[PDB]
């Protein structure tokens, strides 16, 4: 039905200056993964190429790397990174169907061509899973079966480009795709392929010392409990706490007694064992995830870890980070924070540079809600987190520890994002009456915020979606539900999504501008990680003074708001020391 040529060799007509291109990587993690087949669809026809052939052809390599030869693809970052592991540079990607689908509706969770094709009732293509199988059954099919699939995906991208571009424009999301998400994709590809170097000697030594400590904590817990049990089993732990030790049951879930951190902290006046158990579970996560888990994914020859930043997953426009996640490395307790000493520069005499947006979503909220007191508070360069802390704990602006400031931060965001008196009371372990009062005195300080939250909920109910500064959209079909719980969740997404998502837009624009600046000044410095409202770089030590100016400036100037943007920054010999 769909004619295509199974080429034995690359020909001139395959190298047209506009094409839909498929460079197939079947493994979920595409770092150093096999390329199993290539497809090209253009004005001249439809082609399948064997990668052994095509990727060793100097004209095909040349075409891939030619910025003036425009390619339409699906998940171009996957291809770009797979090709870098093959030592080949991919340039000129002009359209990405994955990112196009993501912006049109992130709720669809589009993650193959067939799923994007369905958005426009295009059915002449199969889902990837149906072709390759799942779990232990996964496999590349016989060549003719593989070739047809790849070509059908290329044909889909080719015929779907205009319809998707048309709808993006209708939505005012065309520049968001072309000028923000697509250029970011290339930047993320660079970051992933660069990787972050790990000090495995230090990490392994930390692991040995941690094992000993876990043993000591473990034995003490058994002593306190009067028996041995699996502390890492919430079920067994529940029996010990609420049956053997007869402690009060504060919460249940569908599976049985809750042993959450929040519940165990509240049980501290009844038995010292709950504090030990909380310590044990913290240490155990360090070991399983940040020592053992991390060392499993280090590439042994280079000692580097290579994350994958998922650009088309979160419902608000944030990135996520997987295998390993490098956006949740410990920082909040000194015990876990020391993990960051194992993340080091990739060359000697280089350093790690880290920058963080100050009170980021509160600034954005001030701008969007146009609240008087809040907009003013940032012109006066106030720290609303610390002020809130002084108030909540009844202390002076010098008795506020970092932990206290962090706890205030969750209260400040909690409130603007819809926390109830019950939630706030449980969060700070205070009376609900007292909690209700903090909330009241909060919306009195910032009345425009309150209006904005009422107003954005009403709007969402009328339009059925909310939007960000750069025209990112989230649909919220549940917001007019007759069901209280379902409706309430959707209403809180309407409160949060425009703010978190606008803040995502900003740091994304900051990454693009920053790279442009790094290139024009021909610095060796380069981005390693993004952590939502943080950018981590490494660079020669001689570039630290110039970065101290360049990085914060670019980040602060990324957009222009009604309030200042403020960036904190540091550097040092390890990620830990960049504080």
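Residue numbers count along the first chain shown, from 1.
Checked against the record, the higher mean CA B factor of 122-130 and 492-500 lies with 122-130. Comparing the deposited coordinates for 548-556 and 526-534, the stretch with the larger average C-alpha B-factor is 548-556.
Per the deposited coordinates, the residue with the largest Cα temperature factor out of 411, 390, 82, 210 is 390. Of the candidates 366, 97, 189, 247, it is 366 whose Cα B-factor is highest according to the PDB record. The PDB entry assigns residue 30 a C-alpha temperature factor belonging to the lowest third of its chain's modelled residues. In the deposited entry, the Cα temperature factor of residue 301 places it in the middle third of its chain's modelled residues.
The entry lists a Cα temperature factor for residue 112 that places it in the middle third of the chain's modelled residues. In the PDB entry, a CA B factor belonging to the highest third of its chain's modelled residues is recorded for residue 565. In the deposited entry, the Cα temperature factor of residue 16 sits in the top third of values across the chain's modelled residues.
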